[PDB]
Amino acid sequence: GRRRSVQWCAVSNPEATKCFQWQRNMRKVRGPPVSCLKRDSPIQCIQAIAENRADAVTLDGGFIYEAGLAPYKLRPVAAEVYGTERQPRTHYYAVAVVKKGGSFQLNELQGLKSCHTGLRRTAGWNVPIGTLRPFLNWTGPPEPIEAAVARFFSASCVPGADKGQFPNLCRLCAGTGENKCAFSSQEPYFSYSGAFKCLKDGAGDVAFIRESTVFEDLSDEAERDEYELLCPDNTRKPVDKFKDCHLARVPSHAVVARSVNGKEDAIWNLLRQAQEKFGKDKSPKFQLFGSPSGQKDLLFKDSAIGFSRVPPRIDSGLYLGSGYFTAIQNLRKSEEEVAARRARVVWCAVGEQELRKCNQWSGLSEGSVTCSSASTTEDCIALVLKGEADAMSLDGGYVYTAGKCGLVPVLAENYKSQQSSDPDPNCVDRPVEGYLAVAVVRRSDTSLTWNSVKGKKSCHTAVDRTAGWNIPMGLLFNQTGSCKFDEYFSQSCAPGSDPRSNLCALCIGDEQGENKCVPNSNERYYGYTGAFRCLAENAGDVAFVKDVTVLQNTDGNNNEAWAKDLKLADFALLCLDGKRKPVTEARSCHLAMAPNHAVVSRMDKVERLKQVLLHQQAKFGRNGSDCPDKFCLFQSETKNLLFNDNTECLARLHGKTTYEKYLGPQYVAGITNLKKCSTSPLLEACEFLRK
């Protein structure tokens, strides 16, 4: 014997106590069971959990950060919900409270006295210190920002600060003895309520807390009136103007568990039942979101209204946000190092071949481009959200996903026009024309037509790209109305599907029979060239590609082994009408017009990304000053690494700077429908992070 429960990590006595009561009432209702572990702080809870001696603990975004780092790598599993029942939210506001009577704004705090919730806390430290960075005159590492803050304000209360080294910072703490400035209840000016008390008692001039404290601690309304908020536009507004007067909107506290053998189920079952039974006003036996007249926020935030489960794709950095995550990292960086990182463009390369070319581009960018890599597009989009990568060129199917995630289209791949000019000097403002999606078959299969394609073997670029999957499956879906995308064709090579499905049946992995059905250039049947090879080698009977693919790959246009003897004349296109036409008539024989591949980024990098890309292609583009002498960005010769080998240039968007404006209504309308049949972990993660 041992236990059978979820072991909660208490970080204090009054917390072990309530944990205990929580344990009792779980039993006494025959609900899921919680056992309790004891520690003196959040980090100890972090390590206990990582060594398996507690299962979970609810932490402040500052400790979510900390906890994600190796060697811990804990993951947020359930977020606290605040606001109300019908105006519930998984975020809170970092505000700056002051008393009415003075007139000093957020830019005039030097030499004032401040009250903070705790060292490394979202609203008490990370946000305000980051907001005042520009007035601290901090020289950067190795002098801790602390020393810069200790010099900036006169005296402060900042629980957990090193009293030895940053005496000024513990200055205002009320604790008696070795308790003065503790990161615990011993220290009365601790957490939100202590920080507020600090201000209320007249000890500090500003309190750095959440929007709710004043309303939780001050009953009377007119009591509340003695205070006001310090807004970031150096204006003062009432404590109720938080939505229009906050330093930041940050993620709510969250329960973190191990990323490995986590017990997320358990934790989620326990939490769910507990909030049913013991939640917001509904069981005087026990109250999961209330604390003894002693206490404040024991185990969970007082007055949270419940839990919201975190989609399994979310890690600390996606939980935290590009914004907040980066802001925490920056606190440990010189401002030159921070300014260099913003000037630099970090490319996300999908697989090894693309990383190779990126390295090559990198060494020649004169430090303006650097590389990052993932093994799928979704992993690359997850690195750009985390701010660890910045850009990649994507298929319109990916433009939608990135877009539901908050990324915007910056420049689009411009291909040879419906002919406007020749080696076109205005390829940059020339509006994009789209690409044609076509179904290619062997000329000799005289019998094969659009209406007899179903049930045969197919070859697709990858799951979720326009020509290779949204178009063909969309068109099919629209007739049958079946979500069983694996019965449309009997055997396929659709990279990114279950390696065990029929949809991976014809894939061949790399040169060695590995990487079977992976959605990166590791699989030989991947992307446009690879969907085509699949056909040219009688693996499949149809290949969903773009017209240009066959030209580029037959008639010695490609002389890779497999391509060498193919002749354009052995292939034909299936038209919707039941006909068949030669490849040269794709203009009047296509499934549909696909939106151009586009490079996407975070909104914060748009302008610098534009700058960089216009300059780099000027040098390495099509009739680029260094190409082919030195480097051609738009050539990997039939492999389309980073960009399509046929990009004439990167063109402006002509105001379609939204995935919806860029993709168009029919288009969004259609991936939406297809997406119901099944969503991805990644749209599930952003659905959550958007809210």
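In case it trips you up, residue 1 is the first one in the sequence shown, and so on.
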According to the deposited model, is the average Cα temperature factor higher in 295 to 303 or in 120 to 128?
295 to 303
For the stretches 343 to 351 and 577 to 585, which has the higher mean C-alpha B-factor as given in the deposited record?
577 to 585
Determine which member of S447, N330, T213, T461 has the highest CA B-factor, using the values in the deposited entry.
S447
Which listed residue, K404, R89, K386, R86, has the largest C-alpha temperature factor in the record?
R86
Among all modelled residues of this chain, ranked by Cα B factor, put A16 in the bottom, middle or top third, i.e. lowest, middle or highest.
highest
Mind checking which third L613 falls in for C-alpha B-factor across the chain?
middle
Looking at the temperature factor on the CA atom of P284, which third of the chain's modelled residues does it land in?
highest
Lowest, middle or highest third - CA B-factor, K546
lowest
Could you place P188 in the lowest, middle or highest third of its chain by Cα temperature factor, using the values in the record?
middle
